[PDB]
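Positions are given from 1, in the same order as the sequence printed here. Values reported hereafter were calculated over all heavy atoms of this structure, with side chains retained and with hydrogens, waters and symmetry mates removed. Whatever order the structure lists ligands and atoms in, that order sets their numbers, starting from 1.
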Amino acid sequence: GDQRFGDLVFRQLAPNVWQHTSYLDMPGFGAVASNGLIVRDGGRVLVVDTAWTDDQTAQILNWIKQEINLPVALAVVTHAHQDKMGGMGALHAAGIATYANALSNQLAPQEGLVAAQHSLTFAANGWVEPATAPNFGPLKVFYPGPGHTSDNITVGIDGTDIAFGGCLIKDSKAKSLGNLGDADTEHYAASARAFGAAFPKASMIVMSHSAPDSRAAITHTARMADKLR
Ligand SMILES: [Zn+2]
Ligand SMILES: [Zn+2]
């Protein structure tokens, strides 16, 4: 189900949902895939995460023009690392409203990234305060606690069985938790579990660096994270 468009890959996950994938050479780990989402909600399109770069992110927008041909209303990005926010400039230049966790926006500049235009804030129970996520449509945003990074957020898609863990969640056969440079090692396992608990109906777990997996990905990630304490 993998449709190729330039150097990116687009896979349809549900009637109105596609996964976007872009690649970055990291001498040392090969050409590393990073995944986000594209969601059509009526007459507009919503994006979760940029690609690694502005040029790749512009190509996402070109694919949207070709295959969907509706305006992109907004993007939400799930933490301040290059794989998730490297293409913010391309979104802004295209006039697309952007949203991120407030903490992501605070950290973005010192990370060499462009902050989103708008900040999300979260209730005590982890769910986004809805007034900070206007026009999010079926996107349901949850802060599970610090894990892969202190600012990591997660997104469910109402009307589907899909939940997106971003870089918090690794697949059920992953050998490690990947980049732990900015991780909260004490809290990671609990945060991974909290993501699962927030989206109990989700059977397709989408994540940054592997194809979509079952809920076992969540359990496996949390077991690996337990080893960090
Ligand atoms: Zn990251
Ligand atoms: Zn990542």
Side-chain angles (χ1 to χ4, degrees), residues 7-9 11 19-38 47-57 60 75-91 98-116 119-120 122 141-155 162-172 174 176-192 194-195 205-213 217-218 220-222 224-225 228:
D7 207 40
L8 284 75
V9 179
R11 178 186 292 192
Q19 183 182 254
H20 68 78
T21 306
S22 56
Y23 305 83
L24 193 72
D25 296 318
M26 287 158 43
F29 283 91
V32 179
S34 185
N35 305 319
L37 295 167
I38 303 171
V47 175
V48 183
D49 290 337
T50 73
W52 296 94
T53 70
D54 283 336
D55 288 343
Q56 290 168 351
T57 300
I60 292 171
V76 56
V77 300
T78 62
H79 63 277
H81 278 162
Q82 182 182 3
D83 48 341
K84 313 285 81 187
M85 289 182 77
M88 299 300 282
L91 299 181
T98 58
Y99 295 81
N101 188 0
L103 179 56
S104 304
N105 290 333
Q106 287 166 354
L107 295 170
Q110 71 198 42
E111 299 284 344
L113 301 167
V114 173
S119 292
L120 302 180
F122 297 87
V141 186
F142 179 72
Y143 175 62
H148 166 76
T149 57
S150 287
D151 62 319
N152 53 204
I153 59 170
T154 64
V155 186
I162 298 168
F164 182 70
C167 312
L168 179 70
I169 302 301
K170 319 303 168 171
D171 68 271
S172 61
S176 79
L177 291 164
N179 176 23
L180 294 171
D182 293 313
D184 185 325
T185 59
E186 172 63 31
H187 296 111
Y188 197 146
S191 299
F195 165 73
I205 304 309
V206 182
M207 63 199 81
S208 293
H209 301 299
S210 298
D213 203 357
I218 301 168
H220 181 65
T221 293
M224 293 192 292
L228 304 179

(message) Would you compute the distance between atom CG of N152 and atom SG of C167 and round it to the nearest 0.5 angstrom?
(response) 8.5 Å

(message) Checking the side chain of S150 only, and the main-chain atoms of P146 only, is there a donor and an acceptor separated by less than 3.5 Å?
(response) no

(message) Which atom name would you report as the N, O or S atom of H81 nearest the Zn ion (ligand 1)?
(response) ND1

(request) Quick one: report the N, O or S atom of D83 that is nearest to the Zn ion (ligand 2). (result) OD2

(message) Is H148 close enough to the Zn ion (ligand 1) that one of its N, O or S atoms comes in under 2.8 Å?
(response) yes

(message) When you measure from the side chain of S22 to the backbone of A51, do you find a donor-acceptor pair of N or O atoms at a distance under 3.5 Å?
(response) no

(request) Verify side-chain contact (heavy atoms from CB on, under 4.5 Å) between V206 and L37, making sure each step is shown before the conclusion. (result) CA-CA 9 Å; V206 182; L37 295 167; 4.1 Å; yes

(request) Please work out the angle at the Zn ion (ligand 2) defined by atom NE2 of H209 on one side and atom SG of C167 on the other, rounded to 10°. (result) 100°

